[PDB]
Amino acid sequence: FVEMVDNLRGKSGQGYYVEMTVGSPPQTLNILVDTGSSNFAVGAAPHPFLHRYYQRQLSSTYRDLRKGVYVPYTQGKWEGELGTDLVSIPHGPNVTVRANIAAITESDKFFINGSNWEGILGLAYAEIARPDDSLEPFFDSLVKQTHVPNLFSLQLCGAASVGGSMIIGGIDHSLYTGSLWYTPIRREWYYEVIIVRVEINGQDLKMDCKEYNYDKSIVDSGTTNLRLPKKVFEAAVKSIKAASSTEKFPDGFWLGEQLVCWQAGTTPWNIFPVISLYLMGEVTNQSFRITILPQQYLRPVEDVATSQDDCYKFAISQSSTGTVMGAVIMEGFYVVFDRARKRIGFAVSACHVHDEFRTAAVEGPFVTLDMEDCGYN
Ligand SMILES: Nc1cccc(CCc2ccc3cc[nH]c3c2)n1
């Protein structure tokens, strides 16, 4: 798996991408790694933001499926034409697979001006595939057509430029310390999990756990932030504000409507509480917890033109679609998407930013009853 170490690249806020090749002869593209969606979709036309795009005309192995797809977002979208073609990962397993590809022919607020990726690799399951669950995701084709074990793992670092590793088909023990703890995948659509308890600092929010998972909690490498359902975010924030009354900040800040700023090197790791999420464990009445630092939910904004300071954004925010454990969470940890056993494994990352005060942790077992009542139906 040393071929796969350090195979991911990126920039803050702009996601992590992996080099892939498509068609014959191979066309190299940088492809965003997205555990929050299930389509392999690539730029197929000379949009001005794009360094590179898929040229189907150059590929002997391309096959048209004669259907389009239309994928809405909030004031954003992409749209494309379906086909299949031969796909490889240069710094991944030593295989070539015929995959579905959405050739993106029109988009809105999808591609990022200034980024170095040109497509997206949806790594979640068929159920949330578009246009319907009959379009087989890349990873399902990969596993079905080769002897690659049905799992992958991600170490997202972010040291500006960020880096990491996507280990396809296995686990690399050099990427973590201590033990892996596993939480069941509740349903195979998103990588859905159940949060059973939340502690800001050690002290707990004391709210119906069912709310922590209203209507979803998912693990998503394509989201930057820890996102919390409105009611839990409300209480979430309420406690973070009090945890940190030491120094005042505006109301807009907590809603991600204003950046916060201190001068160079001018925050001493302390005014902010840790956050521990207790996840459902593999055994009845057993949970474990993962613990992150504010040097994870407080993220530098890469480059603000109207300032010269350490202007961090607040990486917690609200949702009508549920909890989202994005890069804020995953950058603390090595995360194992153990598809074969329907579980997600968490361990302390060998690359997470720490010091000799506080430190990201994965700990268990804890005793938690009624962990199923935490899931929404
Ligand atoms: N998982 C997820 C949620 C919302 C949208 C997407 C599409 C892929 C994507 C677009 C833009 C950015 C910026 C940072 N990460 C992404 C991922 N996927």
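Numbering of ligands and ligand atoms starts at 1, following listing order. Numbers here simply count residues along the sequence, with the first being 1.
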Is atom 13 (C) of ligand 1 touching the protein, meaning some protein heavy atom lies under 4.0 Å away?
yes
Residue from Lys67, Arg66, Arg56 passing salt bridge (charged side-chain N to carboxylate O under 4.0 Å, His left out) with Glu81
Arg56
Numbering as shown, the atoms of ligand 1 that approach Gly36 to under 4.0 Å (heavy-atom distance)
1 (N)
Quick one: look up the protein heavy atom nearest [atom] and list residue, atom name and how far away it is.
atom: atom 16 (C) of ligand 1; value: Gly222 O, 3.1 Å
atom: atom 4 (C) of ligand 1; value: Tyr73 CE2, 4.6 Å
atom: atom 3 (C) of ligand 1; value: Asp220 OD2, 3.9 Å
atom: atom 6 (C) of ligand 1; value: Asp34 OD2, 3.8 Å
atom: atom 9 (C) of ligand 1; value: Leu32 CD2, 3.8 Å

Geometric N/O contact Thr224 with ligand 1, under 3.5 angstrom
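No: no nitrogen or oxygen of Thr224 is under 3.5 Å from one in ligand 1.
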Count the heavy atoms belonging to other residues, nucleotides or ligands that lie under 6.0 Å from NZ of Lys11, then report whether that count exceeds 12.
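Yes, because the 6.0 Å sphere around NZ of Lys11 holds more than 12 heavy atoms from other groups.
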Whether [Y] and [X] form a salt bridge (side-chain N of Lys/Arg under 4.0 Å from carboxylate O of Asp/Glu) is what I want to check.
X: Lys241; Y: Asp251; result: yes
X: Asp338; Y: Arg343; result: yes
X: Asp6; Y: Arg9; result: yes

Of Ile112, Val71, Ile218, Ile120, which has the heavy atom at the shortest distance from atom 8 (C) of ligand 1?
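Looking at heavy atoms only, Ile120 sits closest to atom 8 (C) of ligand 1.
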Regarding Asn116 and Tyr17, do their side chains bring together a donor and an acceptor under 3.5 Å, going by distance alone?
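Their side chains do contain a donor-acceptor pair, which is all the 3.5 Å distance test asks for.
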contact_flag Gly13 ligand 1 heavy-atom lt 4.0 Å:
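Yes; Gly13 lies near enough to ligand 1 that a heavy-atom distance drops under 4.0 Å.
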Are the side chains of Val348 and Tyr176 in touch, meaning some heavy atoms are under 4.5 Å apart?
no
